[PDB]
Amino acid sequence: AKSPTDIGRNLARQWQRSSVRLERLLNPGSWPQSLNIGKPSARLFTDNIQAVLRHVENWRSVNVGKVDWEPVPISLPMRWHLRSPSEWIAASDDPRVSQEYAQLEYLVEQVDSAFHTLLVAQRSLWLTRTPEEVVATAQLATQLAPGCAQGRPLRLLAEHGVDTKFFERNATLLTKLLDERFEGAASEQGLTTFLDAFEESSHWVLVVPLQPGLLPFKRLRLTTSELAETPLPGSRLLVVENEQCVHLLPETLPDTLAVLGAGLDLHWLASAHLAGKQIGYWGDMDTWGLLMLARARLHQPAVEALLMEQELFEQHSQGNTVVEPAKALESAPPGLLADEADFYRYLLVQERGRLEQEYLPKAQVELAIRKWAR
Amino acid sequence: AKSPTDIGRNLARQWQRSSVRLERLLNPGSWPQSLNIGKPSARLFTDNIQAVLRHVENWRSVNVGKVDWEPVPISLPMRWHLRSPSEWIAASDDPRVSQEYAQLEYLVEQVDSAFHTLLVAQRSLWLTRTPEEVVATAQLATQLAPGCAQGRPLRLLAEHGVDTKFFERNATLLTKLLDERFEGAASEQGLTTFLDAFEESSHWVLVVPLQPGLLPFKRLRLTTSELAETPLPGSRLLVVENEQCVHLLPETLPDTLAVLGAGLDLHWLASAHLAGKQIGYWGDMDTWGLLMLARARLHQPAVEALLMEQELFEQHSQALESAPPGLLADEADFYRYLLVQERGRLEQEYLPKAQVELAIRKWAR
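Chains as they are written, first to last, in my numbering: chain A, 1227 to 1600; chain B, 439 to 803.
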């Protein structure tokens, strides 16, 4: 013997489950749905006949759907028959449920069919975002392909919906939508890498003083653009290709700064401030690393290469070496020395040379840095 | 009239479709799957009887399942009855499909049923990772709750699977598994933010001085651990939640520093060097912003809120059940006012610069 209000409260609780929502929306075979009401207690009927009288009269005032009627001598309702979702929503009698259905119903008929399942079961994705943004984002996802940018800034990828702040408030939604179109590839690789688009904001690099008293802090992080025209303390500078090999650096070194994780943009070297000191480069031992060294030498004709020698490859060959996935170049890039060119040609012939910076003895790197600083 | 090899190639292509894989594995009633073979060409039969002869003894070497027979005078097979998945895989005749089923079957019977749908249709997630990692990560996902760390590092959050790089190679999988258990809450907030577990390092924040000569450089980025040990120059600080609002800040201010992008982590504020400094916290105007302001005020009792008055929200209009500790009376009332005032979210970025600079210079004395 449940009151009609009880069913509405119970129905609202059911709507909070993702399985219920998918069954109600994305399945026309869900309807019809019949709800049992229940017989009253015999003891209460004899003790308080008005209890069932108010109960039966309370069911006399329902008009959202149709209630099954049968005589028992007083006739009591025992089933509730709701046909349409409009009847179901109006049965819940909850504004939150009513408005959520309105938003979901609008999105279903606009957003593509492949995206219907995700949006229903992931209410948090669209709860904060306006319906216009979700529809526009879903349209953009359908017309994107892996590596579509192929080296273009993310601003220009948007056809018309570029604005100024659109992407950083829709990157999470765009990643999830692309995941179910490309079998979860966007989440694994990342939206930035998946589309092959580079963000030219700052390309932040790590700045580490190797001598206390050079900088107020101990682990800075600057930008390439700022470094292009900023004087740098210290009469020495060391460039490291990799990011997380900082522990391999000496714990101390006189008047020297280290710029780890420089990346490929070795264009800030050409400046008035940089000229005057000695610059050493210490990167990976591969075709790409030799290209970086050539670029650095082109920018500044004083780059003293460190730990890029053939004998290092010979002694540390039987460590952890892998095959380079793609040749950086089919010939020796210009700007390198004769020894560097010979080492490049040597590295070309071997099927497996990718001796990374990490897989090196700490003591040897220590002595190399000391002799460079000598 | 297709040769068994042709059907095997056709089945292999169908396996590449997410709907087919879900139908085969996650539906015991999917079986049986009967594949039509097809009648031969009458002209081809008359022109080259040996050609259709070759066809039938190509069907004499098939033993993957059972083939339906009907006599026609030469009898040709019309239907192929595949009962079990083992027959389906054996009919595919593809090494990649065979090993993919072995991994999928092994993972499904171990991993909870809540993630069965995701793994089947998102083959790229488990394709690269070892089976042990996926099983262990799924177990961790079923045993996690929002804000479980509640101010603890992620290293100790792991029950046993901490290792050294385990999360860095499994953060993406852990986020996706948590999302379907919590209705996509991990992806929106971020796994680090969702679990309330901020690492001491790698939490870089933006520091922009507002006066020449105070700092050697122009724009910096320091980890939150550094901010809790190194003394800071100047005499005033200005903390902002949103990082992408530096343009709204004024040009110059005497002896001020701006630590933008603080996030939820503000435990670095409790420091001897930061003590005795006039500081102000300018976060968003919502429940999360007020909670963050409360957390900031817990560490430092001299924090002066900026751009939080109810008048400012009311002129631009169109967490805990009760008020959290660390709110003044007006702010505590504002928290309850914003609690049920429609969609009470409004970012800093929608604030015109005319009043923002005026308020900041009002504070800057």
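Positions of the beta carbon are idealized from the N, C-alpha and C atoms, including for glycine.
Residue i to residue j span [Cα, whole Å]
{"i": "residue 1457 of chain A", "j": "residue 1499 of chain A", "result": "5 Å"}
{"i": "residue 616 of chain B", "j": "residue 584 of chain B", "result": "10 Å"}
{"i": "residue 1555 of chain A", "j": "residue 709 of chain B", "result": "53 Å"}
{"i": "residue 1492 of chain A", "j": "residue 1464 of chain A", "result": "13 Å"}
{"i": "residue 1261 of chain A", "j": "residue 473 of chain B", "result": "42 Å"}
{"i": "residue 598 of chain B", "j": "residue 527 of chain B", "result": "37 Å"}
{"i": "residue 1337 of chain A", "j": "residue 1239 of chain A", "result": "27 Å"}
{"i": "residue 403 of chain B", "j": "residue 546 of chain B", "result": "Residue 403 of chain B falls outside the range modelled here, since chain B spans only 439 to 803, and no answer is possible."}
{"i": "residue 1537 of chain A", "j": "residue 447 of chain B", "result": "51 Å"}
{"i": "residue 462 of chain B", "j": "residue 440 of chain B", "result": "23 Å"}
{"i": "residue 623 of chain B", "j": "residue 732 of chain B", "result": "23 Å"}
{"i": "residue 469 of chain B", "j": "residue 454 of chain B", "result": "19 Å"}
{"i": "residue 593 of chain B", "j": "residue 702 of chain B", "result": "18 Å"}
{"i": "residue 1455 of chain A", "j": "residue 1494 of chain A", "result": "8 Å"}
{"i": "residue 1245 of chain A", "j": "residue 1327 of chain A", "result": "15 Å"}
{"i": "residue 511 of chain B", "j": "residue 487 of chain B", "result": "12 Å"}
{"i": "residue 1332 of chain A", "j": "residue 1323 of chain A", "result": "14 Å"}
{"i": "residue 1282 of chain A", "j": "residue 1297 of chain A", "result": "12 Å"}
{"i": "residue 1573 of chain A", "j": "residue 1561 of chain A", "result": "17 Å"}
{"i": "residue 1419 of chain A", "j": "residue 1402 of chain A", "result": "15 Å"}
{"i": "residue 1481 of chain A", "j": "residue 1439 of chain A", "result": "9 Å"}
{"i": "residue 1358 of chain A", "j": "residue 1413 of chain A", "result": "24 Å"}
{"i": "residue 514 of chain B", "j": "residue 537 of chain B", "result": "33 Å"}
{"i": "residue 1599 of chain A", "j": "residue 1460 of chain A", "result": "13 Å"}
{"i": "residue 1379 of chain A", "j": "residue 1547 of chain A", "result": "34 Å"}
{"i": "residue 1553 of chain A", "j": "residue 1388 of chain A", "result": "36 Å"}
Per DSSP, the bridge partner or partners of residue i
{"i": "residue 647 of chain B", "result": "B:695"}
{"i": "residue 518 of chain B", "result": "B:473 and B:505"}
{"i": "residue 701 of chain B", "result": "None, per the DSSP bridge assignment."}
{"i": "residue 675 of chain B", "result": "B:695 and B:717"}
{"i": "residue 1283 of chain A", "result": "In DSSP, residue 1283 of chain A forms no bridge with anything."}
{"i": "residue 661 of chain B", "result": "B:642"}
{"i": "residue 784 of chain B", "result": "B:723"}
{"i": "residue 769 of chain B", "result": "None; residue 769 of chain B has no bridge partner."}
{"i": "residue 570 of chain B", "result": "Residue 570 of chain B pairs with nothing; no bridge assigned."}
{"i": "residue 1227 of chain A", "result": "In the DSSP output, where bridge partners are listed per residue, residue 1227 of chain A has none listed."}
{"i": "residue 757 of chain B", "result": "Looking at the DSSP assignment, residue 757 of chain B forms no beta bridge with any residue, so it has no partner."}
{"i": "residue 1530 of chain A", "result": "A:1506"}
{"i": "residue 653 of chain B", "result": "B:650"}
Exposure of residue i, with buried meaning 16 or more beta-carbon neighbours within 10 Å
{"i": "residue 1374 of chain A", "result": "exposed"}
{"i": "residue 1462 of chain A", "result": "buried"}
{"i": "residue 518 of chain B", "result": "buried"}
{"i": "residue 714 of chain B", "result": "exposed"}
{"i": "residue 1506 of chain A", "result": "buried"}
{"i": "residue 1230 of chain A", "result": "buried"}
{"i": "residue 800 of chain B", "result": "exposed"}
{"i": "residue 530 of chain B", "result": "buried"}
{"i": "residue 606 of chain B", "result": "exposed"}
{"i": "residue 608 of chain B", "result": "buried"}
{"i": "residue 1279 of chain A", "result": "exposed"}
{"i": "residue 1522 of chain A", "result": "buried"}
Rounded Cβ spacing between residue i and residue j (contact assumed at less than 8 Å)
{"i": "residue 562 of chain B", "j": "residue 1406 of chain A", "result": "Actually they do not touch by this definition, with Cβ atoms about 11 Å apart."}
{"i": "residue 1346 of chain A", "j": "residue 1248 of chain A", "result": "5 Å"}
{"i": "residue 1400 of chain A", "j": "residue 1417 of chain A", "result": "6 Å"}
{"i": "residue 1252 of chain A", "j": "residue 1343 of chain A", "result": "7 Å"}
{"i": "residue 684 of chain B", "j": "residue 695 of chain B", "result": "Residue 684 of chain B to residue 695 of chain B, Cβ: 13 Å. No contact."}
{"i": "residue 1516 of chain A", "j": "residue 1570 of chain A", "result": "5 Å"}
{"i": "residue 1528 of chain A", "j": "residue 1504 of chain A", "result": "6 Å"}
{"i": "residue 648 of chain B", "j": "residue 691 of chain B", "result": "4 Å"}
{"i": "residue 404 of chain B", "j": "residue 730 of chain B", "result": "Missing from the structure shown is residue 404 of chain B; chain B here goes from 439 to 803 and no further."}
Cβ-heavy atom distance, residue i to the ligand PLP, below 8 Å
{"i": "residue 715 of chain B", "result": "Ligands in the displayed structure: none, and consequently the ligand PLP is not present."}
Segment contact, 8 Å Cβ cut-off, at least three pairs: the region 789–798 of chain B with the region 758–777 of chain B: no
Segment contact, 8 Å Cβ cut-off, at least three pairs: the region 1508–1517 of chain A with the region 1528–1544 of chain A: yes
Three or more C-beta pairs below 8 Å linking the region 1448–1467 of chain A and the region 1419–1435 of chain A: yes
Three or more C-beta pairs below 8 Å linking the region 623–642 of chain B and the region 1359–1367 of chain A: no
contact_flag[the region 475–495 of chain B, the region 1577–1584 of chain A] where n(CB pairs < 8 Å) is 3 or more: no
contact_flag[the region 1283–1291 of chain A, the region 1305–1314 of chain A] where n(CB pairs < 8 Å) is 3 or more: yes
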